[PDB]
Every structure is written in structure tokens, then in C-alpha cells.
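Chemist: The structure's right below; bear with me while I get my questions together.
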Amino acid sequence: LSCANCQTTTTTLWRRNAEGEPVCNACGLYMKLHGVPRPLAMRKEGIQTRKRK
Amino acid sequence: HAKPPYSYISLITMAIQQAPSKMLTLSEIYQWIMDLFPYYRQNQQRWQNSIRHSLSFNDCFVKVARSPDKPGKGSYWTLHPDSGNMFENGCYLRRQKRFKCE
Amino acid sequence: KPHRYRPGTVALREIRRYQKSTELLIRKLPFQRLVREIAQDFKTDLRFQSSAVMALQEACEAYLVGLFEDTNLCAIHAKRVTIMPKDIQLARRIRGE
Amino acid sequence: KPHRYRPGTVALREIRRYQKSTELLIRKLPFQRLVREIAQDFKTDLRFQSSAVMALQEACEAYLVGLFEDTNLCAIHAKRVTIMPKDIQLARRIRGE
Amino acid sequence: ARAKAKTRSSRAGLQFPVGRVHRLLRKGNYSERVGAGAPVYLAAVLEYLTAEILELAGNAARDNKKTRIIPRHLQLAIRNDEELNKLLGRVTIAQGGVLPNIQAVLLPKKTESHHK
Amino acid sequence: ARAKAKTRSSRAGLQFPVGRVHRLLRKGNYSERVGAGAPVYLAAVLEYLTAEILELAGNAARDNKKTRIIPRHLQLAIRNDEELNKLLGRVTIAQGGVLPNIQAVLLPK
Amino acid sequence: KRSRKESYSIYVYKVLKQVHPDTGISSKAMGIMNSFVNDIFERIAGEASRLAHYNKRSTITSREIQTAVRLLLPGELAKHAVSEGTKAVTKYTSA
Amino acid sequence: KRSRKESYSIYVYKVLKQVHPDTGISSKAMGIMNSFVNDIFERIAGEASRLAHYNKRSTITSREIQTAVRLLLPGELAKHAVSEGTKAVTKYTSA
Amino acid sequence: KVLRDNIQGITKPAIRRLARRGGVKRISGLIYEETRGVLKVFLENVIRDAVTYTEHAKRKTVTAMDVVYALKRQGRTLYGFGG
Amino acid sequence: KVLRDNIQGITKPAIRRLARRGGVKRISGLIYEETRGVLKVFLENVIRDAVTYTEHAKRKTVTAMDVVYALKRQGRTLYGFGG
DNA sequence: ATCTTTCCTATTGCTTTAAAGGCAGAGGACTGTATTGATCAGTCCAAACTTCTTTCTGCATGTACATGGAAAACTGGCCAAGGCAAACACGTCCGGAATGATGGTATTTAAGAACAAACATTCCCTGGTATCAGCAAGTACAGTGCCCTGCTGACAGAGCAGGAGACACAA
DNA sequence: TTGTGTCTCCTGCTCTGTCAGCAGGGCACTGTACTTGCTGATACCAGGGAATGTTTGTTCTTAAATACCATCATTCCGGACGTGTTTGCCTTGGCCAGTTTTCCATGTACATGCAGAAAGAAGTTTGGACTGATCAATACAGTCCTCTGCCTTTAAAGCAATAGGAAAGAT
Ligand SMILES: [Zn+2]
């Protein structure tokens with residue numbers, strides 16, 4: 001699954017929007033709090049920088 | 001209906017032999033006898049117990065399990081290869097020199 | 001008849017439950033009273049930080065859990081499933097306590 | 001008829017003998033060979049002081065004697081008198097090795 | 001003019017503080033003198049060890065479908081790794097719990113009779 | 001002129017060396033500074049422990065009809081005393097042996 | 001004023017962001033990591049002090065730290081930690 | 001001559017003569033006693049240094065040694081050693 | 001004010017829970033008194049050192065660091081209390 | 001020069017003597033290989049640290065003090081060889 | 001309970017080896033003074049602990065039932081102990097030689113100390129995203145009863161081989 | 001005309017049919033407990049701004065580690081002889097493991113009430129900051145004497161031999 005709004009494939013708690021499609025936790029909370037979708041610019045991301053055996 | 005001349009041992013042996021894979025279980029033997037002998041539709045408990053006793057007692061039949069558990073609820077009994085032919089030449093009723101492992 | 005699990009089933013269920021969780025298993029207030037009672041023999045009118053009592057309880061529960069693990073091994077060694085005083089005594093002897 | 005002590009008599013005799021004495025119970029030369037063999041894997045052409053090898057032998061024999069004491073306790077806990085590898089394994093497990 | 005300052009941690013390519021580690025070595029009465037490379041080496045080793053533990057703990061957290069590492073995840077990471085378990089064998093982690101482990105002989109068996 | 005020198009052990013009434021203990025404290029990187037009474041206290045404690053062990057070991061040597069204390073007698077003294085055995089629980093004595101101890105279950109009927 | 005309390009929290013957080021960019025850490029876990037770093041620091045530093053004392057050396061150098069790491073850490077941890085420390089010291093010296 | 005190597009042998013012998021006037025001691029036993037004295041010294045001094053560090057003190061005083069002795073020695077040994085140390089310090093303070 | 005018999009506050013269900021976390025299936029009826037004694041000894045040993053550390057500092061409050069040091073010197077190193 | 005299988009130099013009589021000093025009366029036949037394995041593990045652990053101490057000093061001879069320090073680092077203090 | 005065998009301890013004489021005692025010197029303890037930095041003593045305050053009161057339950061205590069695990073008794077076979085004999089590998093010592101450790105000198109590199117600038121770290125304060133709580137479906141698994149399928153002790157009954165009586169062939 | 005082989009009919013052994021009982025094991029049903037998914041509440045961690053104390057840079061000094069050489073001690077290798085220990089084998093005894101039985105002492109579940117948990121509030125009390133004061137440790141130089149290395153003497157311990165007592169095992 002992926003978020004209907006911002007399309008993150010991993011989230012701590014999947015939620016559902018008014019249309020019933022799945023949304024990730026951050027987008028769902030942002031919608032329920034502010035009445036506006038969560039910006040993809042507001043979404044964060046990162047890539048691993050260290051590794052070992 | 002009249003009782004068939006065949007004995008239970010001969011009937012079981014013929015049922016095992018006539019199978020497509022030379023394999024049958026007790027339930028399939030029961031189905032086969034139900035199909036081709038209307039005589040045994042009465043005395044069901046009697047002939048069931050007789051078949052079970054004969055199958056358990058006669059050494060020419062040996063049991064085999066089901067590898068991936070199959071439909072289950074039973075086991076597969078195969079004719080012992082060393083038995084050869086015992087009811088050959090019209091001797092279906094009473095055999096001579098009953099097969100024995102020892 | 002009403003339902004009734006056989007002996008050991010609920011015991012295994014409780015083993016799984018309490019190995020899955022992390023919360024402290026002794027009641028806080030009676031343990032605090034025990035700590036104060038023991039401390040009063042060494043010095044009178046002592047005061048305790050809350051974190052000090054929490055550290056004591058954490059260490060004590062960890063120690064007892066480890067001791068019960070070793071006791072269980074000793075009981076299993078003797079072809080038993082019931083832990084007995086002799087098992088704790090053997091475990092504490094081998095541990096050098 | 002030739003004389004024979006019943007089983008376990010000479011065992012108790014040897015227990016008394018070796019608990020009364022203090023000399024090293026492993027032969028010195030093969031133990032030194034074992035020490036050098038193990039050491040060659042960490043570094044080649046290692047010299048050894050004699051006292052270093054003697055310290056190693058003292059430590060090893062003390063460790064093994066203590067382990068056998070714990071093993072004997074574990075065996076007796078199982079209502080046996082013969083020590084078995086399971087006893088050594090349990091003793092090592094409880095000691096934390 | 002005086003050259004612009006540059007931290008020794010950045011100079012060594014580390015995230016851990018080389019200066020703080022050097023100060024702690026000096027203040028701890030470990031030796032009369034401390035070499036220049038000793039704090040660098042020590043900071044690098046500490047950084048490596050914490051990186052190892054954090055990687056394993058993050059994997060453990062992901063297995064539990066969590067996003068924040070908690071003491072339980074550190075306990076699971078340490079005790080499931082043989083080398084970290086050896087290093088931290090004598091250590092108690094507050095609110096860490098224990099590994100799930102039941103001896104095989106304690107599990108129930110199958111009886112021949114199926115009646116009560 | 002300087003007064004006659006007196007060792008600090010003599011002032012404290014000890015047999016152990018206060019001066020050497022103070023020097024070892026200073027050189028051991030234990031702390032920046034060392035108090036005057038710290039080496040006296042430490043030397044007194046060390047002398048007391050030495051006297052305790054030597055008393056017990058001399059008793060053990062006497063029990064063996066021996067005149068000289070050997071490692072066996074030190075082991076016997078340490079392991080037959082609860083306090084010392086607790087203090088020296090993790091210590092190995094070279095050539096000390098062990099206490100004679102056979103479990104009761106192993107004895108014959 | 002009131003005395004400030006230094007800790008390794010920010011550095012542990014930076015390392016966490018390096019290894020798991022999207023993962024966080026709770027305050028109790030951070031306290032445990034602080035305890036861990038202090039414990040390992042004390043072990044290595046004490047062993048290095050012992051090594052310097054045995055050899056009658058006044059100074060703890062990177063060689064003492066390397067030997068202490070070899071003594072304390074088990075198995076592959078020792079090898080990887082030695083590699084990391086050597087790499088850090090070489091980078092520091094070259095710069 | 002070879003390089004001097006100090007030890008506690010003469011002091012252990014003096015204490016022995018004080019306690020058992022007619023008893024001797026072998027060289028191996030004297031080596032064991034020397035190791036014992038070094039071990040207990042290191043224990044007490046290390047504990048005292050840790051005590052001073054915990055309290056942010058620079059000096060190890062007789063109070064640090066007393067507390068270390070209380071922490072390390074068990075039971076009756078602790079109180080007897082404390083009495084001996086206090087008595088020695090009282091004698092020394094009177095010069 | 002005076003506390004008298006609080007060792008019995010370590011109840012039977014608490015000891016059962018501790019044993020269950022240790023993987024114990026069946027518990028003898030005599031285990032509970034043994035566990036109370038062992039816990040008493042352990043607590044006495046730890047609290048003695050903790051109060052010694054407190055007294056050396058001339059404080060009247062036992063801090064978490066006193067407990068941490070007391071545990072550490074007994075080979076029972078504890079993380080998560082400001083160590 | 002090279003040594004191959006010296007672990008078997010710890011003969012069955014030697015292990016029996018060690019068990020007797022430990023108070024053991026009866027010994028199973030499989031004890032001897034178990035004891036050889038345990039002894040080899042212990043010796044490897046001690047000798048690794050002793051060789052590490054030797055290498056740090058830039059020496060090529062393992063001294064008794066190296067062994068004493070290696071044992072003390074593992075909680076197995078040995079008297080009679082120090083100094 | 002008594003007799004034989006083996007082992008252990010105890011006693012006496014010689015010796016040898018390890019400890020006790022005596023002497024030289026050097027390096028480390030001691031004495032005395034000035035410096036200084038660590039610690040002590042008194043005050044204050046705020047924050048962290050202790051104490052008391054109220055609700056509210058969730059958890060502990062006590063009870064009854066019955067299940068199954070621990071302990072006792074028995075058996076046997078097989079694994080370990082005890083003892084004999086031959087071999088072999090340790091223990092002791094001795095010598096040659098190669099190596100490595102210690103000590104001393106010239107020197108070269110690196111760390112401590114001091115002072116100033118500035119910059120990284122701590123504390124404090126705000127939002128927003130993870131985590132917790134509650135409810136309800138769904139799944140997993142325990143406990144129990146029913147049925148099929150196996151095996152065995154027991155009896156009774158048709159099939160067919162073998163022995164007895166009658167006919168036909170050989171003597 | 002009389003005795004024996006072959007044909008016919010009756011009887012006994014073979015083997016199969018039929019009862020009956022107790023065991024293993026598969027599968028269906030009921031019920032309890034845990035997990036998963038969703039929404040809503042909350043709490044706790046991430047991110048942004050002020051200050052302070054700690055790190056970095058530069059210079060000089062000095063002392064700690066390095067390189068070379070010499071030499072001596074100390075470890076490695078080989079060899080030889082004596083003999084105590086190890087290894088292999090045989091005999092058998094008693095200890096470990098498996099099986100059976102009993103009963104008692106644990107586990108499970110229900111019901112009651114009580115004290116532990118949480119919140120609030122007040123009291124209080126003490127841990128730490130701040131200032132001045134004082135006192136105890138460091139540093140340095142010079143004196144001298146205690147401890148360690150070397151060497152010599154003797155007595156405590158070791159070894160050998162003998163004799164007597166204790167204990168084990170068999171009758
Ligand atoms: Zn989204």
C-alpha cells in the first residue's frame with residue numbers, strides 16, 4: 001500500500017481519508033487538524049549514509 | 001439376492017488389482033463393493049467388521065501411508081508382492097497354504 | 001460444565017505474556033516500603049529520590065528474573081518441571097553467591 | 001583368590017590423596033607443547049618464559065578443579081554420582097561461560 | 001591573521017567530539033599525558049560501536065512496526081547479537097525485558113488418548 | 001639545623017611503610033593530590049589484613065607440625081575463614097591446593 | 001546560575017540519522033545510549049591507563065587505545081573498531 | 001648489581017615475627033603475600049579514586065580510604081580495619 | 001513511621017510473575033519464602049553500599065547515582081539512570 | 001618446528017586426577033573430550049590476551065606478568081607469580 | 001564377629017637445599033619554607049521530597065476442585081572401576097648457540113602551558129507527528145467428543161483331502 | 001476260485017466368516033484468548049532562538065620516545081639414560097535409565113474487599129550556588145638512612161627405611 005496523498009509506502013499507522021482510500025499517519029493527522037492536505041514539500045526523506053557487515 | 005461365490009480375500013485382491021494405480025483404501029474398497037455387489041447392501045456392520053478383521057489378519061496385505069497427508073482419514077493397503085496368485089484357476093472361495101511371512 | 005483449561009496451559013500463556021512485556025512486576029508502593037525498612041537499619045531519617053527507588057526495583061527484578069532462569073535450568077536438569085528451593089540453592093552456589 | 005577392592009573404594013582413596021596434595025596434576029612437557037601450539041596461531045616464533053608456562057598451568061588446573069567441583073554438585077543434584085557432559089555444560093551455563 | 005577554527009572531529013571525519021573526549025581523558029587521571037591521536041582513535045571507536053548498536057536497534061524497531069527506538073529495542077538488538085551480548089553480558093537495561101525463550105521440554109505433548 | 005629524621009611509620013606506630021604507600025598513591029594516577037592521613041590509614045589497614053592472614057596461616061602450619069608457612073597453609077587459612085574467603089573469593093593461590101571436602105552422598109554405607 | 005549537564009545525546013542522534021535517517025529515538029533509549037558510551041569509554045580508558053602503567057609509559061597514545069580495544073572488544077567488533085580508529089587517525093594526520 | 005626491585009617482603013616478615021615469633025615463611029609464600037598486599041592496595045586505591053571523582057574532589061584523604069575500606073572489606077574485617085586505621089591516624093596526628 | 005514487616009509485601013502473585021518472565025512453568029509452594037529471603041539479601045547488599053556512598057557525600061538523600069555506583073561495584077551495571 | 005595435535009597430550013589419567021581433586025568419584029567415558037574442549041577454549045582466551053600484552057610491549061617473549069595480567073583481566077586473579 | 005590383605009600413618013637417621021643473618025651503597029624518604037589552590041563554613045532558596053486525604057477500582061487473598069507431576073519401588077544390562085603387563089614418553093641434566101632484552105648516548109619528535117577569539121553545546125520554548133486507548137471483527141488454538149480404522153481373543157461353518165467299503169481285474 | 005488295485009462315499013483338517021472388545025488417530029464443534037484494523041486523544045520528541053564555557057590556534061619549552069650500539073642472560077634445540085606413567089585388555093559389579101504406581105500438592109477459576117495508584121495540596125527540608133576564610137598539599141633543595149642485592153651459615157624439610165594401627169573385603 002501507499003499513501004493516497006503523498007505516496008509513502010511505509011508508515012507507523014495507516015489511516016483512511018474522506019474518500020476511503022488509505023493515507024499515512026502524518027497526512028491523516030494533518031488533514032484532520034488543519035483541513036488541508038499535507039504538502040509533499042513538508043514531507044521529509046533521507047538515505048542511509050553508513051553501513052557495515 | 002444370492003451371496004457371491006467369491007471370498008472376501010479374493011474380493012479384496014481383485015479390487016486392489018483392478019485399480020488404475022493398483023492402489024485402494026478401505027473406503028474405496030467399500031465403494032467398489034457397493035457398486036458391483038447389491039447383495040452386501042444389507043448386513044452392513046457385519047461385512048464391514050468381517051472385511052476389517054480379514055484385512056488386519058491376512059499377511060498378504062501391507063499398509064502404506066500418505067505422503068502429503070492426502071485427503072486423509074485412513075491408510076493405503078497394498079498387496080504383498082511375495083503373495084503371487086492364490087485364487088488362480090477358479091479357486092476363489094478357499095485358498096491353500098495361506099501366505100505367511102515366517 | 002464450564003470451560004476449564006488444563007494445568008500448565010495458562011502457565012505457558014503467562015510465560016509468553018510476561019516475556020513479551022517490559023513493565024515492572026512488583027507493586028511499587030510495597031517495594032518502596034521494603035526499601036525504606038531495609039535502609040532504616042543502616043541510617044535513620046534517610047530520604048530517597050524517586051529515581052533511586054526505581055533503579056533499585058529495576059535491578060532487583062532483573063536479578064530475580066535471571067535467578068529464576070538459572071533455577072529453571074537446574075530443575076530441568078533433574079528431570080523436573082517444578083522449581084524447588086534446592087534449585088535456587090544450587091543456582092546461587094554455582095553463581096558463587 | 002587375588003585381592004580386589006570393590007568399585008569406588010580406590011576412587012575415594014584418590015580423592016583424599018589428591019585433595020591433600022598440591023602438586024600439578026598435568027604432565028608439564030605435553031602441556032607446554034599444547035601452550036606453544038595454541039600460541040603459534042596468534043604469533044609465530046614466540047619465546048616463552050618458563051614461569052609463564054607454569055602460571056598458565058596453575059591457572060588452568062585451578063579452573064578445571066573448580067569446574068569439576070561445580071560439575072559434581074550438578075550431578076548430585078540429579079541424584080547421580082557419575083559426572084556427565086551435561087553436568088559440565090550446565091555448570092558452564094550457570095557460571096556464565 | 002589567525003586561521004579560521006576547524007574542529008578536530010571534522011578534521012578526522014567523525015561525528016563524535018574529539019575535543020570533549022580529549023578533555024575527559026585528561027580530567028580522568030588515566031595518565032600524566034595524552035597523545036594527539038588517542039582521543040581521535042577513541043572517538044572513532046565509540047562512534048563505530050554506537051553506530052552498530054543503533055543499526056541493530058533500528059532493525060529491531062522496524063520489525064515491531066515502530067518508528068522510535070525504545071529500551072526494549074536496544075535490549076533485543078544487544079541480546080540477539082552474539083558479540084554485543086558478549087560485550088554487554090553483565091549489563092542490565094532498564095525497561096528492556098528479556099528475550100522470548102521457553103525450554104522445549106516445557107511445551108505440551110500429544111497424548112495417545114483423545115478423551116478427557 | 002634539621003631535626004633528626006623519623007619515619008612516618010614510627011609516628012603512626014606501624015610496621016608497613018607510610019612513605020612508600022604515599023609515593024605509590026602519588027605515582028598511581030589515582031588523584032591529583034593525596035592527603036597526609038591517607039597513606040597512614042591505608043598502611044594501617046594493609047598491616048592489619050597481613051597480620052590476620054599470617055595469624056591464621058601460622059595456626060595452620062602449626063597444625064601440620066611445620067615451622068614454615070607455605071602456600072598450602074595460606075590457602076587453608078583463607079578458605080577456612082569466612083571473611084577472608086569472601087574477600088579473596090575470585091583469587092587463585094599457586095600451589096595452594098583445595099580444602100579436603102567429599103560430599104556426604106559419595107561415602108559408602 | 002545552575003550547572004549544565006553535558007551528554008552524548010546530540011552525537012548519538014547524528015549517528016542515528018546516519019544509519020537510519022527515518023528512525024527516531026526516545027529519551028529513555030537516549031539515556032541508555034549515554035550510559036553505554038560512558039561505560040565503554042571508562043573500560044577502554046582504564047585499560048589503556050593500565051597498559052601505560054605496565055610499560056612505564058607516561059602518555060596514552062593511539063597505540064594504547066588500539067591495544068585496549070583489542071583486549072576488550074570480542075571477535076569481529078575488535079577488527080572493525082581497529083579499522084575505524086586507524087582510518088580516523090590517518091585522516092586526522094593527513095589533514 | 002641488577003636493577004633494584006622493591007617489594008613488601010621485609011614488612012610482611014616483621015608482621016609475621018610480631019604475630020608468630022617462632023614461625024618462618026617460604027619464598028613462594030612470601031611472593032603470595034606480596035601479591036596479596038599489591039592486590040588489596042590496588043582495590044582500595046581504585047575505589048578511593050572513584051569516590052573522589054564522584055564527589056568532584058581533587059585529593060584522596062583518609063576519609064576516602066575509610067569509605068573504600070567500608071565498601072570493600074566484608075563484615076567484621078571492615079570494622080576492625082576501620083578501628084586500626086583510625087587509631088593509626090590518631091597516633092600520627094599527635095606527631 | 002517505623003516500618004516492621006514489609007517483606008511480605010512482595011506477594012505470591014508478584015513472585016509468580018517474576019518466575020513467569022524467567023520462563024518457569026510450575027512453582028513449588030516453598031519457593032516464595034526462599035525468594036523473599038534471596039531478595040532481602042540482595043537488597044541489603046545493594047542498599048548498604050548505596051547508603052555508604054550517600055554518607056560519604058554528607059548527603060541525607062539517596063540519589064539514583066548512589067544506587068548505580070553500588071550496583072556497578074557488585075558487577076550489576078545498570079543503564080538508564082544517568083550512569 | 002610446527003606442532004599439530006598436542007591437545008591429546010592432556011591424557012585421560014590427568015583429567016581423572018583433576019576430577020579427583022574436585023571431589024568426583026565416578027566419571028563418564030565422554031567427560032574427557034568435553035574437558036579437552038573446555039580447557040582448549042580457556043587456554044586460547046588466556047593466551048590471546050597474554051600475546052596481546054607481549055606485542056604491545058614490543059617484546060617477543062611471553063613473560064609471567066603478561067599471563068598474570070591476562071588472567072586478572074578475566075576475573076581470575078593469580079597469586080604467587082606477580083612481580 | 002573373626003581373619004587376611006592392603007594402605008596409611010608415625011618414628012628415626014642422613015642430607016640437601018632453602019631460609020635467616022650479615023654487609024655495602026644509592027635512591028628514596030624526611031625536614032623546612034613559601035606558594036597556592038583546594039576545601040570549609042555560613043546563608044539563602046527552590047525544587048524535590050514527605051505527608052495526608054479521596055476515589056476508585058484492579059489486584060491480592062482465600063476457597064474449592066481435581067489433575068498430573070514427583071517420588072518411591074523394581075529390574076537389568078551395560079558402562080565404568082579395578083587390576084595386570086608391555087611399551088613409551090616424561091623427567092632430569094648437560095651443552096651449544098642463537099636470540100632478545102636491557103642499558104646508555106645523541107636527538108628528534110611531540111605534548112603541556114598560556115592567552116585570546118569564537119563557536120559549538122546547553123537550556124529554554126513551541127507543533128505535529130508517533131504512540132496509546134478503546135472497540136470490534138477476525139484468527140489461532142485448547143479442550144472434548146464422536147467416528148473410522150487396527151488389532152486381537154474367540155467361536156463356528158463350508159471346501160476339499162484322506163481313509164474305509166465295494167467292484168473289477170490278476171493270479 | 002481267491003487276493004489286491006481302483007472307484008465311490010463318509011469323516012477330519014483348513015481356512016474363512018462372524019462376534020466382540022479395547023486402542024490410535026482424524027476430524028468437527030464450542031469456547032477463550034490474542035491479533036489486526038480503524039478512529040480519536042494525548043504526549044513527547046523535533047525544531048528554532050539566547051548564552052556561556054569550552055575548543056582551537058599559535059608559540060615556546062622540555063621531556064618523552066626513538067635510533068643505534070653493545071653485551072649478557074636466557075630461551076630453544078638436541079642428546080642420553082632411567083623408570084614411572086600411560087595404554088590396552090579383561091572381569092564384573094553396581095549405577096543409570098526405563099517402567100509402574102500412588103497421592104498430594106499444585107494449577108485453575110470464582111468471589112470479596114482492601115490498599116495501591118493517582119491527583120491534589122501543604123509543609124519542609126535540604127542540595128547546591130555564592131562568598132569569604134583558612135588550612136593543607138605541592139614544590140624545591142639538601143641531608144642521610146632504609147631497603148635491596150650479594151654472599152655465607154645452618155636447620156627445616158625431603159627421602160629412605162621400618163614398624164604398628166586402621167580399614168576393606170571375605171567367610
Ligand atoms: Zn502521506
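As shown in the C-alpha cells, the chain order sets the letters A, B, ...; within each chain, residues go from 1, and ligands are also counted from 1 in the order they appear.
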Taking 3 positions as the minimum chain separation for residues in the same chain, which residues sit within 10 Å of residue 42 of chain J when counting only C-alpha atoms (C1' of nucleotides)? Answer as a count of residues only.
Modeler: 12
Chemist: Show me, as a list in words, the residues of chain J whose atoms get within 9 Å of chain F, using only C-alpha atoms for the distance check.
Modeler: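 On the chain J side, the interface is residues 21, 22, 23, 24, 25, 75, 76, 77, 78, 79, 80 and 81 of chain J.
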Chemist: Output the neighbourhood of ligand 1 as a PyMOL selection string, that is, all protein and nucleic acid residues with some atom at most 12 Å from the ligand, counting only C-alpha atoms (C1' of nucleotides) and all ligand atoms.
Modeler: (chain A and resi 1-17+21-31+37-45) or (chain K and resi 129)
Chemist: Using DSSP on the backbone, list every residue of chain E that comes out as helix (DSSP H, G or I), and give them as number ranges by chain.
Modeler: E: 8-11, 18-27, 37-63, 71-80, 82-87, 104-106
Chemist: Based on only C-alpha atoms, which of the residues in chain E come within 8 Å of chain I? I want them as a list in words.
Modeler: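 Result: residues 90, 91, 92, 93, 94, 98, 101, 102, 103 and 106 of chain E.
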Chemist: With a distance cut-off of 10 Å and only C-alpha atoms (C1' of nucleotides), select the neighbouring residues of residue 32 of chain B, excluding the residue or stretch itself and same-chain residues fewer than 6 positions from it, and output the selection as a list in words.
Modeler: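 Returned residues: residues 11, 12, 15, 24 and 26 of chain B.
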Chemist: May I have the residues from that selection written out with N, CA, C and O atoms, as a compact mmCIF listing (two decimals), in the first residue's frame?
Modeler:
# COMPACT_ATOMS: atom_id res chain seq x y z
N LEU B 11 -12.07 -60.99 -3.12
CA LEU B 11 -12.67 -59.71 -3.50
C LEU B 11 -11.70 -58.56 -3.26
O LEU B 11 -11.54 -57.68 -4.11
N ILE B 12 -11.03 -58.57 -2.11
CA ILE B 12 -10.07 -57.50 -1.80
C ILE B 12 -8.91 -57.53 -2.78
O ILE B 12 -8.46 -56.49 -3.27
N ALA B 15 -10.07 -56.19 -6.11
CA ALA B 15 -10.25 -54.74 -6.04
C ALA B 15 -8.90 -54.02 -6.09
O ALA B 15 -8.76 -53.00 -6.77
N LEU B 24 -5.80 -48.96 -3.46
CA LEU B 24 -7.10 -48.59 -2.92
C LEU B 24 -7.03 -48.57 -1.40
O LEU B 24 -6.19 -49.24 -0.79
N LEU B 26 -9.62 -48.54 2.33
CA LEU B 26 -10.81 -49.24 2.82
C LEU B 26 -12.08 -48.59 2.29
O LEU B 26 -13.02 -49.28 1.88
Chemist: List every residue of chain C that has an atom at most 12 Å from any atom of chain E, giving for each one its closest atom pair and the distance in Å to one decimal, counting only C-alpha atoms, sorted by chain and then by ascending residue number, as a Markdown table.
Modeler:
| residue | atom | partner | partner_atom | distance |
| --- | --- | --- | --- | --- |
| C:4 | CA | E:116 | CA | 11.7 |
| C:5 | CA | E:116 | CA | 11.7 |
| C:6 | CA | E:116 | CA | 10.2 |
| C:7 | CA | E:108 | CA | 10.4 |
| C:8 | CA | E:108 | CA | 8.3 |
| C:9 | CA | E:108 | CA | 8.2 |
| C:10 | CA | E:108 | CA | 11.7 |
| C:11 | CA | E:106 | CA | 10.2 |
| C:12 | CA | E:107 | CA | 7.9 |
| C:13 | CA | E:107 | CA | 11.0 |
| C:14 | CA | E:102 | CA | 11.5 |
| C:15 | CA | E:102 | CA | 8.0 |
| C:16 | CA | E:100 | CA | 7.1 |
| C:17 | CA | E:100 | CA | 9.5 |
| C:18 | CA | E:97 | CA | 8.7 |
| C:19 | CA | E:100 | CA | 5.4 |
| C:20 | CA | E:100 | CA | 6.6 |
| C:21 | CA | E:97 | CA | 6.6 |
| C:22 | CA | E:97 | CA | 4.6 |
| C:23 | CA | E:95 | CA | 6.5 |
| C:24 | CA | E:95 | CA | 7.8 |
| C:25 | CA | E:97 | CA | 10.9 |
| C:51 | CA | E:94 | CA | 11.6 |
| C:54 | CA | E:94 | CA | 9.5 |
| C:55 | CA | E:94 | CA | 8.0 |
| C:56 | CA | E:94 | CA | 10.6 |
| C:57 | CA | E:94 | CA | 9.9 |
| C:58 | CA | E:94 | CA | 6.3 |
| C:59 | CA | E:92 | CA | 7.2 |
| C:60 | CA | E:92 | CA | 10.4 |
| C:61 | CA | E:97 | CA | 9.9 |
| C:62 | CA | E:92 | CA | 7.0 |
| C:63 | CA | E:92 | CA | 8.9 |
| C:65 | CA | E:98 | CA | 8.7 |
| C:66 | CA | E:98 | CA | 9.3 |
| C:69 | CA | E:101 | CA | 10.0 |
| C:70 | CA | E:103 | CA | 11.9 |
| C:72 | CA | E:103 | CA | 9.0 |
| C:73 | CA | E:103 | CA | 8.7 |
| C:75 | CA | E:106 | CA | 11.3 |
| C:76 | CA | E:105 | CA | 8.2 |
| C:77 | CA | E:105 | CA | 10.9 |
| C:79 | CA | E:105 | CA | 9.5 |
| C:80 | CA | E:106 | CA | 9.7 |
| C:81 | CA | E:106 | CA | 7.1 |
| C:82 | CA | E:106 | CA | 10.3 |
Chemist: Only C-alpha atoms, please: the residues just picked out, written as a PDB file, in the first residue's frame.
Modeler:
ATOM      1  CA  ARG C   4     -11.530 -25.004  32.353  1.00  0.00           C
ATOM      2  CA  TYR C   5      -8.005 -25.067  30.955  1.00  0.00           C
ATOM      3  CA  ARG C   6      -5.766 -27.935  31.968  1.00  0.00           C
ATOM      4  CA  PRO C   7      -2.794 -27.261  34.279  1.00  0.00           C
ATOM      5  CA  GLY C   8       0.152 -25.638  32.527  1.00  0.00           C
ATOM      6  CA  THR C   9      -1.781 -24.039  29.667  1.00  0.00           C
ATOM      7  CA  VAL C  10      -2.390 -20.757  31.477  1.00  0.00           C
ATOM      8  CA  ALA C  11       1.150 -21.006  32.864  1.00  0.00           C
ATOM      9  CA  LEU C  12       2.586 -21.071  29.338  1.00  0.00           C
ATOM     10  CA  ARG C  13       0.241 -18.254  28.343  1.00  0.00           C
ATOM     11  CA  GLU C  14       1.577 -16.185  31.244  1.00  0.00           C
ATOM     12  CA  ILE C  15       5.171 -17.022  30.300  1.00  0.00           C
ATOM     13  CA  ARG C  16       4.568 -15.668  26.805  1.00  0.00           C
ATOM     14  CA  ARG C  17       2.726 -12.601  28.128  1.00  0.00           C
ATOM     15  CA  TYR C  18       5.392 -11.617  30.649  1.00  0.00           C
ATOM     16  CA  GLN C  19       8.305 -12.348  28.320  1.00  0.00           C
ATOM     17  CA  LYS C  20       6.658 -10.138  25.690  1.00  0.00           C
ATOM     18  CA  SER C  21       6.277  -7.138  28.030  1.00  0.00           C
ATOM     19  CA  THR C  22       8.723  -4.944  29.958  1.00  0.00           C
ATOM     20  CA  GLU C  23       6.827  -3.290  32.825  1.00  0.00           C
ATOM     21  CA  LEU C  24       7.852  -3.825  36.436  1.00  0.00           C
ATOM     22  CA  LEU C  25       6.112  -6.809  38.011  1.00  0.00           C
ATOM     23  CA  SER C  51      14.613   7.547  40.570  1.00  0.00           C
ATOM     24  CA  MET C  54      13.026   2.936  40.617  1.00  0.00           C
ATOM     25  CA  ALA C  55      16.641   1.942  39.950  1.00  0.00           C
ATOM     26  CA  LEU C  56      16.583  -0.383  42.955  1.00  0.00           C
ATOM     27  CA  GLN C  57      13.365  -2.041  41.785  1.00  0.00           C
ATOM     28  CA  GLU C  58      14.664  -2.408  38.225  1.00  0.00           C
ATOM     29  CA  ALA C  59      17.910  -4.014  39.397  1.00  0.00           C
ATOM     30  CA  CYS C  60      16.127  -6.319  41.849  1.00  0.00           C
ATOM     31  CA  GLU C  61      13.608  -7.536  39.278  1.00  0.00           C
ATOM     32  CA  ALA C  62      16.345  -8.137  36.708  1.00  0.00           C
ATOM     33  CA  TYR C  63      18.347 -10.099  39.283  1.00  0.00           C
ATOM     34  CA  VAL C  65      14.442 -12.941  36.637  1.00  0.00           C
ATOM     35  CA  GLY C  66      17.985 -14.111  35.927  1.00  0.00           C
ATOM     36  CA  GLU C  69      16.153 -18.635  34.616  1.00  0.00           C
ATOM     37  CA  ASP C  70      19.088 -20.435  36.233  1.00  0.00           C
ATOM     38  CA  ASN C  72      14.625 -23.354  35.814  1.00  0.00           C
ATOM     39  CA  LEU C  73      17.706 -24.817  34.143  1.00  0.00           C
ATOM     40  CA  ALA C  75      15.129 -28.013  37.741  1.00  0.00           C
ATOM     41  CA  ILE C  76      15.146 -29.203  34.122  1.00  0.00           C
ATOM     42  CA  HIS C  77      18.490 -30.901  34.778  1.00  0.00           C
ATOM     43  CA  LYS C  79      14.061 -34.244  35.023  1.00  0.00           C
ATOM     44  CA  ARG C  80      11.560 -31.943  36.751  1.00  0.00           C
ATOM     45  CA  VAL C  81       9.370 -29.054  35.668  1.00  0.00           C
ATOM     46  CA  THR C  82       8.703 -27.707  39.192  1.00  0.00           C
TER      47      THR C  82
END
Chemist: Considering only strand (DSSP E or B) as DSSP defines it on the backbone, what residues of chain D qualify? List them as an MDAnalysis selection string.
Modeler: chainID D and resid 47:48 82:83
Chemist: For chain E against chain G, which residues fall within 7 Å using only C-alpha atoms, given as number ranges by chain?
Modeler: E: 11-13, 15-16, 30-35, 37-38, 40-42, 44-46, 48, 51, 54-55, 58, 67-71, 83, 87
Chemist: If I take atom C1' of residue 100 of chain K and atom CA of residue 51 of chain G, how far is one from the other in Å, to one decimal?
Modeler: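 We find that atom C1' of residue 100 of chain K and atom CA of residue 51 of chain G lie 21.5 Å from each other.
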